[PDB]
Amino acid sequence: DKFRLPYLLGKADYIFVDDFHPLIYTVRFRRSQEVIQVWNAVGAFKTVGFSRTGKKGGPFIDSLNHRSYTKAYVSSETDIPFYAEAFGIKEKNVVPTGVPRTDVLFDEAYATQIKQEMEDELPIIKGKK
Amino acid sequence: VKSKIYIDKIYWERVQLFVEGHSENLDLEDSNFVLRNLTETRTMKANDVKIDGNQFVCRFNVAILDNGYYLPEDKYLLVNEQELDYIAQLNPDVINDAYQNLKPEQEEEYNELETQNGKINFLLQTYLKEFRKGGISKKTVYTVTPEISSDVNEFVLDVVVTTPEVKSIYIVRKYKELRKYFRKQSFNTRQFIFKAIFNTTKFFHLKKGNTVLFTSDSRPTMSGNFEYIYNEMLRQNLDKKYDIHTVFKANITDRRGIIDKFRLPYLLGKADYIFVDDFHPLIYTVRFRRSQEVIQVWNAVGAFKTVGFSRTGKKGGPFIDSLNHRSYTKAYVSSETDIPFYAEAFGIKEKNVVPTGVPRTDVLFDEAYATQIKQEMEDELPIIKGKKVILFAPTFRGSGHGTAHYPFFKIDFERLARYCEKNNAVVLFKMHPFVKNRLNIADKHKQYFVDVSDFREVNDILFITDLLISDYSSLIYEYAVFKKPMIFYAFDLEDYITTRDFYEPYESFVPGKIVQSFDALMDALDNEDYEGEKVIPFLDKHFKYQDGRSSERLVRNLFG
Ligand SMILES: Nc1ccn([C@@H]2O[C@H](COP(=O)(O)OP(=O)(O)OC[C@@H](O)[C@@H](O)[C@@H](O)CO)[C@@H](O)[C@H]2O)c(=O)n1
Numbered sequence: 261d262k263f264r265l266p267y268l269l270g271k272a273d274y275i276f277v278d279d280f281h282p283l284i285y286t287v288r289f290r291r292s293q294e295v296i297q298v299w300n301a302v303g304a305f306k307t308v309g310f311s312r313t314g315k316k317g318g319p320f321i322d323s324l325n326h327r328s329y330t331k332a333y334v335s336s337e338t339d340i341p342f343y344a345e346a347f348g349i350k351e352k353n354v355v356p357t358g359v360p361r362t363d364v365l366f367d368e369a370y371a372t373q374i375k376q377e378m379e380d381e382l383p384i385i386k387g388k389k
Numbered sequence: 002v003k004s005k006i007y008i009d010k011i012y013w014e015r016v017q018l019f020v021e022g023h024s025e026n027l028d029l030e031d032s033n034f035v036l037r038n039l040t041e042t043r044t045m046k047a048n049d050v051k052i053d054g055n056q057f058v059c060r061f062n063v064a065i066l067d068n069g070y071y072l073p074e075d076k077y078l079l080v081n082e083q084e085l086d087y088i089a090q091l092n093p094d095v096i097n098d099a100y101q102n103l104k105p106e107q108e109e110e111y112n113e114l115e116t117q118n119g120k121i122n123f124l125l126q127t128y129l130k131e132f133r134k135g136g137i138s139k140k141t142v143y144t145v146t147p148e149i150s151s152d153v154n155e156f157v158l159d160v161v162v163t164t165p166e167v168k169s170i171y172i173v174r175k176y177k178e179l180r181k182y183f184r185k186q187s188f189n190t191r192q193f194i195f196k197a198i199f200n201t202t203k204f205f206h207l208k209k210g211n212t213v214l215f216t217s218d219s220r221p222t223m224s225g226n227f228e229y230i231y232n233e234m235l236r237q238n239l240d241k242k243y244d245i246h247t248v249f250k251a252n253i254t255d256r257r258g259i260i261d262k263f264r265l266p267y268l269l270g271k272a273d274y275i276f277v278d279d280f281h282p283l284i285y286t287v288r289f290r291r292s293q294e295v296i297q298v299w300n301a302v303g304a305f306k307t308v309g310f311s312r313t314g315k316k317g318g319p320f321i322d323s324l325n326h327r328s329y330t331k332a333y334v335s336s337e338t339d340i341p342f343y344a345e346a347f348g349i350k351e352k353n354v355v356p357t358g359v360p361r362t363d364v365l366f367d368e369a370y371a372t373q374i375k376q377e378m379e380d381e382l383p384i385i386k387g388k389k390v391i392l393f394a395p396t397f398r399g400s401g402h403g404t405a406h407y408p409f410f411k412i413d414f415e416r417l418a419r420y421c422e423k424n425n426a427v428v429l430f431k432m433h434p435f436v437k438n439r440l441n442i443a444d445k446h447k448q449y450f451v452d453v454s455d456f457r458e459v460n461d462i463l464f465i466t467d468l469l470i471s472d473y474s475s476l477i478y479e480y481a482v483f484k485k486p487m488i489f490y491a492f493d494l495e496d497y498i499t500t501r502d503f504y505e506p507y508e509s510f511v512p513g514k515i516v517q518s519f520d521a522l523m524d525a526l527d528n529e530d531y532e533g534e535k536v537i538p539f540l541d542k543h544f545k546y547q548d549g550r551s552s553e554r555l556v557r558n559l560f561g
């Protein structure tokens, strides 16, 4: 994997990133390459990224800690400025399509199945609330 | 009433800077707010602009503005792009609001303010936002402070990016140190050999020769002041008695040819009459014998702005112990009143300063040359056939040639062009040769405005113009001979007076209206009142001789 990471980063057109990935921020990508950041957290609640500038543990304004993104995907349009400025990327890059992990909360069949599974594996949840 | 847009309040979110205000006589529906630098190289639209009637708020992001990066070290104006731009002037409410909320120690520090700009900056330091990594570090700072820039007299957002000195590997550091040492040794050896050859060359004569040397570090070939002195010498058979040598360099920072490198010191030692025209630093590092003469024929005409030792204690000036202008015996000025100022400037005795008239002004009092140059400028520039011709000609706003610059944005092209269209007049522009900016001209602008920064003859255009909008240059001296009015664009009078003042007070010295803002220009030209009644006294007083025989008197005085 040590050899695969730089070579694959160089040759891969589409790259998906889930969280802070420090290695990907030490290189410059071609314009043809699309680096995609799909944040694990659903929405913009707690100050992340460049919004911590001036606070402890926050990157400097000139750092490249989240710049190399082509697309970032967010839950709703009200997160476009917050997350766009958090990654230090353009607002056109950030798009409100919805988090891929939120696709699991609206399926009825999985809801019922997991309800039964949690009832079985936790006997205490037999109660009313 | 002119449409204006003001800044009412400056918020600051986490890293996001907000500007809110209102505008009058201006519909903001199609507004494009930007952050434009004084040098006009960086524009960046506000990320979000919310508009409610004449009220507005502009959401600026110092993290993603510069095409995705942060705002670099510069000074930015808030400009509403449109068919006509608008530089947002700060409301006086904002600077009033800070003024009433000073803690007593702030008040104690507040009294030592020289001018309005210092008051403005100190009051607006309460809108500062400093970003330090972790909030503690004092060595990496990204600070944005709204302020009215003294140099441009306009509201700006100074962004200072303090970064530590990043050093490379010890091999590269050793290489850099060795390179610096080698450069220092080379410079020392060159100075040693220059001093040696000059000293030896003068020591072998100890007598009165017949050689005349013209030198200038900033005038390729013989031209300017030297040309008239040389022509006057040749006219009265002074080339049949003396021998004339010329040593020239393209510019101050340029290097010299192989022959001239060692020919200049040899002639400096040998020459009895040595001629200079401006700062010639290779001459102020040597000592001359008494029988020699170093004639300083300054390019400019009169003592308008400070120069030499007269700016000691000010930035860019020499300390009182320097020899930077002292090796002269006959410095020639155009008026009696220039003797004390110019003797102070050069650091020479006042008897060394003679009021004969600068030879460059030989042509201004001529008549055949007037018709000749009028025909030449009419043919080569047919656009000057308008009813009146106006000439903008400001001086450099920088500290010197190395820092040459000009914030042109102070001039709005469209309003002047509309005035020209209404008045069937033409305005011509000639920035100083010590400039680095290039003019940009638009469609209707080309039909009136003319970019003139290439014409070799400095006084070429003054023969045709019926006005002159200049602020601080000595061009008003040459133009004064034509009995014409001029307007003065004292845009940054306070800052310029602070940096380098004038040998006389500015407000009364200038022969014309004083003017601070562009609206004052349209007031003066639209009303067609210029106070030309005082340009005739200026020409009478600051020009000792009106006979136009300056070169003749200079050569007669020097040689007999
Ligand atoms: N648009 C322009 C304006 C001016 N010019 C020519 O440039 C010369 C000097 O002009 P300027 O004074 O601005 O330059 P400096 O600051 O170096 O002069 C220092 C000081 O000695 C001098 O001002 C004196 O008046 C005070 O003692 C003059 O010949 C002008 O014709 C030009 O070609 N085009």
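From first to last, the protein sequence lines stand for chains D and C.
Numbering-wise (PDB author numbering), the first sequence opens with residue 261 and increments by one.
Numbering-wise (PDB author numbering), the second sequence opens with residue 2 and increments by one.
All C-beta atoms, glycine included, are put in the ideal place defined by N, C-alpha and C.
For the pair residue 305/D and residue 359/D, the Cα-to-Cα distance works out to about 15 Å.
Distance check between residue 288/D and each of 377/D, 269/D, 302/D and 373/D places 269/D closest, using alpha-carbon atoms only. By the rule of a C-beta closer than 5 Å to any heavy atom of ligand 1, the residues picked out are 300/C, 301/C, 304/C, 305/C, 306/C, 308/C, 394/C, 396/C, 431/C, 433/C, 459/C, 474/C, 475/C and 476/C. Under the DSSP assignment, residue 372/C falls in the alpha helix (DSSP H) whose first and last residues are 369 to 381. For chain C, the residues of the stretch 331 to 353 of chain D that bring a beta carbon within less than 8 Å of one of its beta carbons are 341, 344, 345, 348, 349, 350 and 351, in chain order. Along the stretch 62 to 74 of chain C, going in chain order, the ones with a CB nearer than 7 Å to a CB of chain D are 62, 63, 64, 65, 69 and 71. Around residue 358/D, no beta-carbon contact reaches into chain C at under 8 Å, the shortest distance being about 22 Å. Contact of residue 316/D with chain C is assigned, a C-beta pair being separated by under 7 Å.
Around the Cβ of residue 204/C, a 10 Å sphere holds fewer than 16 other Cβ atoms; the residue is exposed.
Listed along chain C are 16 and 64, each with a C-beta nearer than 8 Å to that of residue 310/D. When Cβ-Cβ separations below 7 Å define contact, residue 141/C makes contact with chain D. Judged by their CB atoms, residue 300/C and residue 331/C are not nearer to each other than the 7 Å cut-off. Looking at the backbone, the Cα of residue 263/D and that of residue 15/C are separated by about 39 Å. As computed with DSSP, residue 59/C is found in a beta bridge with 20/C and 50/C. Non-local beta-carbon contacts of residue 388/C in its own chain, meaning distances under 6 Å to residues more than five positions away in sequence, involve 425 and 426 in chain order. A contact is defined here as three or more CB-CB pairs under 8 Å, and the stretch 291 to 300 of chain D fails this definition with respect to the stretch 310 to 325 of chain D.
The beta carbon of residue 222/C lies closer than 7 Å to those of 249 in the same chain, with the five residues before and after it left out. Of all residues in the stretch 276 to 298 of chain D, none is placed with a Cβ closer than 7 Å to any Cβ belonging to chain C. In the structure shown, residue 525/C adopts helical secondary structure according to DSSP, grouped into three states.
Secondary-structure assignment with DSSP links residue 433/C through no beta bridge to anything. Note: residue 217/C is bridge-paired with 249/C in the DSSP secondary-structure output.
Around the C-beta of residue 216/C, 16 or more other C-beta atoms lie within 10 Å, and the residue is accordingly described as buried.
Excluding its 5 nearest sequence neighbours in each direction, residue 267/C has C-beta neighbours in its own chain below 7 Å: 198 and 202, listed in chain order.
Contact fails between the stretch 371 to 380 of chain C and the stretch 399 to 408 of chain C, because fewer than three Cβ pairs, one in each stretch, are under 8 Å apart. When Cβ pairs closer than 8 Å are counted between the two stretches, the stretch 533 to 544 of chain C is seen to touch the stretch 467 to 482 of chain C, the count reaching three or more.
Where residue 233/C is concerned, the enclosing alpha helix (DSSP H) starts and stops at 226 to 236.
Between residue 489/C and residue 513/C, the gap from beta carbon to beta carbon is short of 7 Å. With a cutoff of 7 Å on beta-carbon distance, residue 77/C and residue 36/C are scored as near each other.
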